[PDB]
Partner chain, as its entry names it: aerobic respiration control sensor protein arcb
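Read the single chain below, which is given as structure tokens and is the form deposited without the partner chain.
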């Protein structure tokens, strides 16, 4: 799916952002940005509309919904694929998420082969 899809990692973690940076590179990707919270993503995504956005779920302060749900509030591009990253997974949470653009949800930590398993499972609907 393109060897340079744009990704946005807003994980406040002070080390996880580094792991994914490489991991993605292993999948053939050289174009990622970074933030520290939703207010940051909203101000940093006005850049050019990333094709992919990775965000934790509650590490910065509130949650990522408002950060994502807002993206959907737009239109013509509410399909922005998002692979939110979280520990474990409660259906109640993965639901309100997909109901928006959180369409992608990968637990963590994942192995480049594991992430590759989820990503490929999503692009099957995007058909690139």
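Residue numbers count along the first chain shown, from 1.
There is another form of this protein, the form deposited with the partner chain bound, and it is not shown here; the text below is about that form.
Residue contact check for residue 116: none of its heavy atoms lie within 4.5 Å of the partner chain in the entry with it bound. Residue contact check for residue 59: one or more of its heavy atoms lie within 4.5 Å of the partner chain in the entry with it bound. Within 4.5 angstroms of the partner chain in the entry with it bound, the stretch 31-45 places a non-hydrogen atom from each of 36, 37, taken in sequence order.
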